[PDB]
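Beneath this line is the structure, given in structure tokens, with notes to follow.
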2 protein chains.
Amino acid sequence: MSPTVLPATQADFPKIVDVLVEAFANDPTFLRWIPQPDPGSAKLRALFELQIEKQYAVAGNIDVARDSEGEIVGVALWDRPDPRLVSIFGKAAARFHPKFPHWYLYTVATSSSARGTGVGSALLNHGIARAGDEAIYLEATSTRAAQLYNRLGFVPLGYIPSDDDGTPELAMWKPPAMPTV
Amino acid sequence: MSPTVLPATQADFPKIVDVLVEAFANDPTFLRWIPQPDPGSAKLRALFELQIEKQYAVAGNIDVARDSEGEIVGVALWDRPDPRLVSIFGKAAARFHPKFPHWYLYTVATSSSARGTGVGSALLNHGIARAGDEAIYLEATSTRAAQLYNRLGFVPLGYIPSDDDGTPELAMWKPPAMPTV
């Protein structure tokens with residue numbers, strides 16, 4: 001009885017942001033962009049609200065996983081193949097993505113309460129099935145995660161250099177289907 | 001009794017260029033860069049002489065395959081991980097290579113006389129063994145070639161857009177070894 005995955009609806013956006021914030025409140029991957037301290041993760045929260053509203057809701061895919069009690073216990077943000085920022089950063093804005101069409105798995109987050117439930121796996125399987133014959137890029141934040149993604153058909157590209165920051169991320173690629181003939 | 005592969009020596013450079021020219025004299029991949037007509041493939045010849053002299057001999061690897069009679073029947077040009085041009089083009093000079101360290105297989109050429117001999121396979125196997133745990137990029141010029149490279153562990157990245165030119169090339173990647181632990 002693994003969680004069930006569907007596209008988000010607008011009514012779900014508050015909980016979705018709550019889940020992202022809980023997952024990433026102490027993650028170096030996000031802390032590096034947001035000036036610290038960030039009491040109550042308020043600036044991180046604003047970042048996620050903006051990304052959902054102006055990027056993922058619009059031109060991407062937002063998947064949610066729900067448990068058997070109906071609550072959202074995970075979220076994934078995907079990009080498809082192809083002012084308020086002064087308040088979050090006081091300044092941001094690709095380069096290591098291969099220059100070929102691909103899906104991008106930006107983030108996958110699981111509620112603390114739902115750790116060890118197969119939430120992340122259900123999300124990835126959903127997104128991989130949607131991607132089908134097309135390619136996927138992601139950046140794995142641990143060797144453990146990299147090994148999970150490798151078992152799902154991602155091959156390594158290499159490590160992205162980090163300044164200031166924690167573990168270098170391992171860029172990975174799930175290739176597109178080979179040409180039939 | 002497949003051909004045997006070793007690094008080239010300077011004494012071999014004339015024959016190496018002869019082999020490249022014979023292989024590529026009518027190849028759209030090269031014809032697109034060189035102003036036509038090119039009587040006797042003289043400008044193409046000059047290009048290969050310059051690439052060997054100033055790039056591959058210096059900072060790369062040049063492999064040759066020899067047959068049982070001792071003659072060079074194939075050549076491969078590899079880049080390692082990291083004025084006269086007015087005479088060739090009347091203007092040249094990366095972008096689709098992933099931004100991670102890799103070997104690049106620039107060209108593999110087989111003598112006409114040695115077609116169907118396993119020359120290309122011997123060259124690739126040699127270069128793959130040298131590359132070991134490291135990544136390799138190449139651009140395959142047919143689906144047939146792409147399938148050969150896929151069987152040697154290359155995965156597709158995607159097609160590179162061509163202007164003026166024949167078959168789009170299929171960029172491919174042989175991944176580096178996954179991290180041990």
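Tabulated results
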| quantity | calculated |
| --- | --- |
| Single unsatisfied condition, residue B:70 versus (1) outside any helix (DSSP H, G or I); (2) at negative phi; (3) not β-branched (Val, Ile, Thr) | (2) |
| Residue A:46, sole failed condition from (1) assigned to a helix (DSSP H, G or I); (2) within 21 Å of residue A:138 (Cβ to Cβ); (3) aliphatic (A, V, I, L, M) | (2) |
| Of all residues in region B:60-95 being within 15 Å of the chain's Cα centre (by Cα) and small (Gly, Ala, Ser), the one that is nearest to residue A:100 (Cα to Cα) | B:94 |
| Odd one out for residue B:145 among (1) more than 29 Å from residue A:168 (Cβ to Cβ); (2) surrounded by fewer than 16 Cβ atoms within 10 Å (Cβ to Cβ); (3) small (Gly, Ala, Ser) | (2) |
| First in region B:71-85 and closer than 16 Å to residue B:126 by Cα, second anywhere and in a loop (DSSP other than H, G, I, E, B) and among the hydroxyl-bearing types (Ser, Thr, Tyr), Cβ under 7 Å, 6 or more apart | B:73/B:111; B:73/B:117; B:74/B:111 |
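Each value in this text was obtained by applying a stated rule to the coordinates, not by laboratory testing. Using ideal geometry, Cβ is built from the backbone for each residue, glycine included, and neighbour counts are taken over all protein chains shown.
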